[PDB]
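Only one structure is covered here, and it is reproduced in the block below.
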Amino acid sequence: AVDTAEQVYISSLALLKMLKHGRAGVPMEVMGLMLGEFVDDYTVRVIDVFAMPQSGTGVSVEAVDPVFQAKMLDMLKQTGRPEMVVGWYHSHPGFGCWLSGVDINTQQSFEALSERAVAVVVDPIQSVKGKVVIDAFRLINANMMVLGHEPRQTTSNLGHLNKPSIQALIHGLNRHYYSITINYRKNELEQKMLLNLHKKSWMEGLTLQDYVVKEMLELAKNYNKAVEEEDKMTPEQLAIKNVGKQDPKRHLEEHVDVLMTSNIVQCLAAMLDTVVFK
Amino acid sequence: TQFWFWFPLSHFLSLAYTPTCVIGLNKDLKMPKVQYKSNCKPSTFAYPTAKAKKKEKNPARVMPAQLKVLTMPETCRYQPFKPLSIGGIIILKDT
Amino acid sequence: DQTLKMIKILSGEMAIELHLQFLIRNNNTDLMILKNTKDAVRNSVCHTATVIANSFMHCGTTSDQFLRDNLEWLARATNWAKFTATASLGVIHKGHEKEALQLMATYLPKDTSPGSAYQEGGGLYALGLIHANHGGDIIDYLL
Ligand SMILES: [Zn+2]
């Protein structure tokens, strides 16, 4: 029918299960499923993503056992709330992305079975805390080729989705595909608590247990002599003449902030007796 | 301002239009005989002589800044009394 | 009388039709550049750009040309350009306050086509452009 920009709200559990399931899916490109809710055409929130067992033949739709689904989701029937399987995912866990043939194996199968049927491409490599490395698309019919493929009613998100200058094989396969927007929805109760448990765990010291104070200053006066003489030897050879030559080699000597922050640490940790004591 | 999010939000600026023109009309339809001028250039007047020429009220198009540089017709039979520094309506006198 | 004057001042027709008179006598525009960009056919939002660009020079002129000289490029895009195309009749014939309703007596939302509900939405959108910013008794009749 008519087309309007589809939005993938993700559950953050889905983000965790993708990273974990592809992390365990070490090179061997695992398959799993997507289990969600039909809200409309132009959005989808996924609420649950669980695991599918490893098959060593070939990443296929024929490895999807439907009675495995029946039994697993049967256990999940009274457990919380079940919904429709709305898709699937495969993995390319070392390199970024491309539009696989596994897509054109199972995508026609799950667009026969389900309606939205979103393909999902994943990688864990490109960062550890600050990127969106997963990728997702959807197969286009051949029958819409009479229509020119340029309507879109809200072109901010296609002005944000075309905007990253799509990389290699996606627009190697612009045909048989059309892209889809994946934001991270409002997950603030988890966001604040992982912020807490990141600068409370993933940065050392559980704050009762920081207040190294002295042997670090033995090593730091080693620093504040060894760094110092090299801070001395160099700017003797600055432009002490009247030359108009303009070609620098750049080394940016300065060494200030090490001294500064380390010795603020040294003074306020020498404070620890008069601070924690009385 | 934000128009991708709904494309018919791109119409509403057209509703914010005022014609840059002056009304020296005295009685509600009574056409005057008033053609006064400005001391400007003909090319500043030219929109794709030194004097400006009105049209005896339809109103006459003008720059907004070409309304503080006019001069009242002291040889006209119909002389306006309210000062016309910019577009809108003023009173004229049937003399 | 001033009784008839206080009847007629809150109506406020004379500013609307002097605006209309000014623009129908003051069409100091160009259709050649409109051709030089009319030739740039794409299925996207460019249709809205063209009809709003000539509505900008005909909002209050009661004059259409790209609602006239074409039907295929006029009906090229779907379900949103129809909204905009019947909305441009309300933009252009804004400043045609009382009479534009009978100008769209043919173009009621349920007369033309029950296929596009956005066509019948752009219809009453254009009637809101008939009652743009100074409505009348037919505010409640659109209601
Ligand atoms: Zn893969």
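Positions of Cβ are backbone-derived with ideal geometry, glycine not excepted, and every protein chain shown enters the neighbour counts. All of the numbers you see were taken from the coordinates with simple rules; none came from a lab.
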> Can you tell me which residues in segment A:109-158 are more than 27 Å from A:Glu29 (Cβ to Cβ), surrounded by 15 or more Cβ atoms within 10 Å (Cβ to Cβ) and away from chain C (no Cβ under 14 Å)?
Replying inline: A:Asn157
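Go through segment A:55-140 and tell me which strands (runs of 3 or more DSSP E), entirely inside it, have 3 or more residues that are within 11 Å of the ligand (Cβ to nearest atom) and under 27 Å from A:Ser165 (Cβ atoms). I'd like the intermediate steps shown before the answer.
On the way: elements: A:84-89, A:119-121, A:135-138.
Here the list reads A:119-121.
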>> Given the options B:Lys27, B:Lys51, B:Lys37, B:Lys41, name the one that is under 22 Å from C:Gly12 (Cβ atoms) and more than 9 Å from every other protein chain (Cβ to nearest Cβ).
In response: B:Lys27
>> Within segment A:31-54, take every residue that is within 16 Å of the ligand (Cβ to nearest atom) and assigned to a strand (DSSP E or B) and give me the one that is surrounded by the most Cβ atoms within 10 Å (Cβ to Cβ).
In response: A:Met34
> Among the residues of segment C:6-28 satisfying the criterion of being polar (S, T, N, Q) and within 9 Å of another protein chain (Cβ to nearest Cβ), which is farthest from C:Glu72 (Cα to Cα)?
Replying inline: C:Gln21
> Counting only residues that are small (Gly, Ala, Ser) and over 13 Å from C:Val45 (Cβ atoms), how many does segment C:66-96 have?
Replying inline: 5
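Out of everything in segment B:1-21 that is polar (S, T, N, Q) and facing another protein chain (nearest Cβ under 9 Å), what residue ends up being nearest to C:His19 (Cα to Cα)?
Start the filter on segment B:1-21 by keeping residues that are polar (S, T, N, Q), which leaves B:1-2, B:10, B:14, B:18, B:20.
Keeping just the survivors that are facing another protein chain (nearest Cβ under 9 Å) gives B:2, B:10, B:14, B:18.
Values: B:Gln2: 29, B:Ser10: 22, B:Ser14: 14, B:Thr18: 8 Å.
That would be B:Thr18.
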>> Return the pair list, or none, for Cβ contacts closer than 9 Å from residues in segment A:134-151 that are on the phi > 0 side of the Ramachandran plot to residues that are of a type outside the set (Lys, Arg) and not in a loop (DSSP other than H, G, I, E, B), at least 6 apart or on different chains.
In response: none
>> I'd like the full set of residues that are within 14 Å of chain B (Cβ to nearest Cβ) and hydrophobic (A, V, I, L, M, F, W, C), limited to segment C:77-112.
In response: C:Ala77, C:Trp80, C:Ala81, C:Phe83, C:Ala85, C:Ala87, C:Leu89, C:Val91, C:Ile92
